[PDB]
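Trainee: The following block contains the structure, expressed as structure tokens.
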2 protein chains.
Amino acid sequence: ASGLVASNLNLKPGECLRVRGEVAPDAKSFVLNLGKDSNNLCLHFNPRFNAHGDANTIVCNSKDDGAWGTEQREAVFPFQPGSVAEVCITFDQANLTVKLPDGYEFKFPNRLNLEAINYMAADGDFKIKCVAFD
Amino acid sequence: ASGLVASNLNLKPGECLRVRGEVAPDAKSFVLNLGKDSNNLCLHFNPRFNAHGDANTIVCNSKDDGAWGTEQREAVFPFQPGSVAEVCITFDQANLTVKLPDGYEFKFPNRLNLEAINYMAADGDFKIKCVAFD
Ligand SMILES: OC[C@H]1O[C@@H](O[C@H]2[C@H](O)[C@@H](O)[C@H](O)O[C@@H]2CO)[C@H](O)[C@@H](O)[C@H]1O
Ligand SMILES: OC[C@H]1O[C@@H](O[C@H]2[C@H](O)[C@@H](O)[C@H](O)O[C@@H]2CO)[C@H](O)[C@@H](O)[C@H]1O
């Protein structure tokens, strides 16, 4: 439908992005991409219910000039098909901090050294209900 | 240095789009555009404080394949520079309904006969802080 795509965000370091959406009742995977543009992502947030060999695994990665970086996987999966889920992402020069629905937080390195986030895109089995920018 | 631009909005008839943003302190006016894309707007929402010869007047218009239609001016002006303002928009095949910060709501004809709104863009005087779909 695909997913909501926002540009010109100009999200600066220290600012938080709140994204709330509905996880499809038959969700297999959904994505929230953040970065400079579609080919340069400081954060590819990919909760995989069942995809690419991952079962209930949050996979994160960066994308530099179209090239996927080294994947990072989390130890929790507070997402359930057919339920609303909210994620809070804070941008910082060194790392991005992600706060999951249940309060679990983890960081992902700002490998691309972005000084601001101007691009956000949603895709997969996640229907965005609201997005808050600072 | 324009404002936030969102695409693939997929807003359907009856769904309520709530947009909250900060009006620049030195804003002479601000704009929130809704439509299919930058050249096809079902709604050019333009509150003018002091711009284009108008004072404290909300000017609305449509843009079809690039052509601006006949403007319609609203009866109220519940806006102020340097403050947070939220507007709620919904639509059907005939009209768009815009609800203002003061609870006042008016209709603007759906001249593009849109059955879905996929594009939204704010200018440099309206910093979007949150967008909700309900
Ligand atoms: O890295 C994010 C990226 O992963 C792709 O899938 C990977 C898979 O995660 C990995 O374990 C395997 O070895 O290679 C696959 C191909 O690169 C996803 O397909 C892509 O959409 C992103 O999610
Ligand atoms: O119609 C939307 C369009 O208006 C342009 O300005 C008009 C102004 O609204 C009208 O009252 C005056 O007579 O002529 C101006 C120029 O044709 C804005 O410049 C444009 O950005 C839109 O807001």
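Trainee: Quick one: Cα convex hull volume of the range B:1-68, Å³ per residue?
Mentor: On the way: hull volume 7.9 nm³, N = 68.
About 116 Å³ per residue, rounded to a whole number.
Trainee: Hey, another quick one. May I ask you to list the chymotrypsin sites (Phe, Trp or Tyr not before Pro) in the range B:64-110 that are in a DSSP loop and have at most 14 other Cβ atoms within 10 Å of their Cβ? Please report the intermediate quantities before stating the final value.
Mentor: Numbers: sites: B:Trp68, B:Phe79, B:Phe91, B:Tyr104, B:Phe106; in loops: B:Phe79, B:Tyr104.
For chymotrypsin sites (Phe, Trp or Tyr not before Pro) across the range B:64-110 that sit outside H, G, I, E and B with at most 14 neighbouring Cβ atoms in 10 Å, the list reads B:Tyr104.
Trainee: Pop out the ³J(HN,Hα) list for the range A:114-130 in order, Karplus 6.51 cos²θ - 1.76 cosθ + 1.60 with θ = phi - 60°, rounded to Hz; leave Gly and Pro as x.
Mentor: Taking θ as phi minus 60°, the curve returns 5, 9, 6, 10, 10, 10, 9, 9, 10, 7, x, 8, 9, 8, 4, 9, 6 Hz for the range A:114-130.
Trainee: Take the protein assembly as shown, drop everything but the C-alpha atoms, weight them equally and run the Debye formula without solvent; then report log10 I(q)/I(0) at 0.10 Å⁻¹ to two decimals.
Mentor: Here log10 of I(q) over I(0) equals -0.54.
Trainee: What is the spin-label model distance, in nm, from B:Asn50 to A:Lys107 if the labels are put 7 Å beyond Cα along the C-beta direction?
Mentor: 4.8
Trainee: Continuing with this model, one more query. Tell me the distances, shortest first, between A:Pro25 and the same position across the other copies, using label points 7 Å along Cα→Cβ, in nm to one decimal.
Mentor: 5.1
Trainee: Multiply the residue separation of A:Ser38 and A:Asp26 by 0.36 nm, subtract the distance between their alpha-carbon atoms, and state the gained length in nm to one decimal. Show your work: numbers first, answer last.
Mentor: On the way: separation 12, 0.36 × 12 = 4.32 nm, distance 2.64 nm.
Difference between extended and current length: 1.7 nm.
Trainee: A:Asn110's amide H: which non-local residues (gap 5+, or another chain) put their own amide H closer than 5 Å, with H modeled 1.01 Å from N in plane and none for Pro or chain starts?
Mentor: Result for A:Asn110 returns A:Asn95, A:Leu96.
Trainee: Right, something else. Taking amide H positions as placed in the peptide plane 1.01 Å from N, state which residues far from A:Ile128 in sequence (5 or more) or on other chains have amide H under 5 Å from it.
Mentor: The list, which skips near neighbours in sequence, is A:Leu4, A:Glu22.
Trainee: Same structure again: Semi-axes of the equivalent ellipsoid of chain B: what are they in whole Å, largest first, if each equals the square root of 5 times a C-alpha gyration tensor eigenvalue? Kindly include the intermediate steps, with their values, before the conclusion.
Mentor: Values: eigenvalues 86, 51, 42 Å².
Semi-axes from the Cα gyration tensor: 21, 16, 15 Å.
Trainee: Still on this structure, please answer the following. For the range B:86-94, in order, what is each residue's ³J(HN,Hα) by Karplus, 6.51 cos²θ - 1.76 cosθ + 1.60 with θ = phi - 60°, in whole Hz (x at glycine and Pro)?
Mentor: So the Karplus estimates, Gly and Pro as x, are 10, 10, 10, 10, 9, 7, 9, 4, 8 Hz.
Trainee: If you don't mind, there's one more thing I want to ask. Using a label point 7 Å beyond Cα on the Cα-Cβ vector, give me the inter-copy distances for A:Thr70 in nanometres, one decimal, shortest first.
Mentor: 6.6
Trainee: I'd like the Karplus ³J(HN,Hα) series for the range B:49-60: coefficients 6.51, -1.76, 1.60, θ = phi - 60°, whole numbers in Hz, and an x wherever there's a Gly or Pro.
Mentor: Values, residue by residue: 7, 7, 8, 6, x, 9, 10, 6, 9, 8, 10, 10 Hz.
Read the figures in this text as sums done on the coordinates, not as results from a lab. Reconstructed Cβ throughout: ideal geometry from the backbone, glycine too, with neighbour counts over all protein chains shown.
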